[PDB]
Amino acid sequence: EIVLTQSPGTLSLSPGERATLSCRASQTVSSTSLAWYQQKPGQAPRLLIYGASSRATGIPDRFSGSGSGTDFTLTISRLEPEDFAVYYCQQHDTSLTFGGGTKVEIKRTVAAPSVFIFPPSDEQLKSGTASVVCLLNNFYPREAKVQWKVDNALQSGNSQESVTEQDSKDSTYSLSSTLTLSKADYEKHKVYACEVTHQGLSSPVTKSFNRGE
């Protein structure tokens, strides 16, 4: 079929700025066929632009579509706070397909994460498992290295990260890393540490504890 590829997957811009989202068709698509949709988190998508350039009802004028052949463009002239969302392009020249999406993200001054580490609760240990939670709180940009070290052993494949959406107020993110060990393994070791590499840090931050101290 026809594949649409949106680049970049995340576009980071300050409020007020002009956003220029791209959609590239794997072959020539008719300009009548290309639509644009906006999706805020945990919300239905909503139609912005159809027939390449036609605005949907109620859509404000800052949104405008252009392009032809293989390269189409959604443009937001001045990004208002609500305009920060995922945008999907969509063609139906040949069948129907969507683009993988582009998140428009609030660009912000770099802010370093404040790291926290939490030992497994006594309650948890009762029932045979142990979860060590490392929290990176209020950072930007989104990229952060988190490594778990257990008595110097570099862990891998027994931890799972989870990142918030961008914050409403400070436009930052918070990430959690959760190392999961059996009660058995947890007690075979003494020192639990996560080391955080982030752009906002002058050098990486390690936070550790010693078990049962």
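The first residue of the sequence shown is number 1, and the count goes up from there.
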| field | Given 182 to 190 and 43 to 51, the range whose Cα B-factors average higher in the PDB entry | value | 182 to 190
| task | Take the C-alpha B-factors listed in the entry for 94 to 102 and for 126 to 134, compute each mean, and give the stretch with the larger one. | result | 126 to 134
| field | For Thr206, the third of its chain into which the C-alpha B factor falls | value | lowest
| Of the three thirds of its chain by CA temperature factor, lowest, middle or highest, which one includes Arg78? | highest
| message | How does the C-alpha B factor of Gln27 compare with the rest of the chain: lowest, middle or highest third? | response | highest
| message | Where does the C-alpha B-factor of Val150 rank in its chain, lowest, middle or highest third? | response | middle
| If you rank every modelled residue in this chain by C-alpha B factor, which third holds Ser159: lowest, middle or highest? | middle
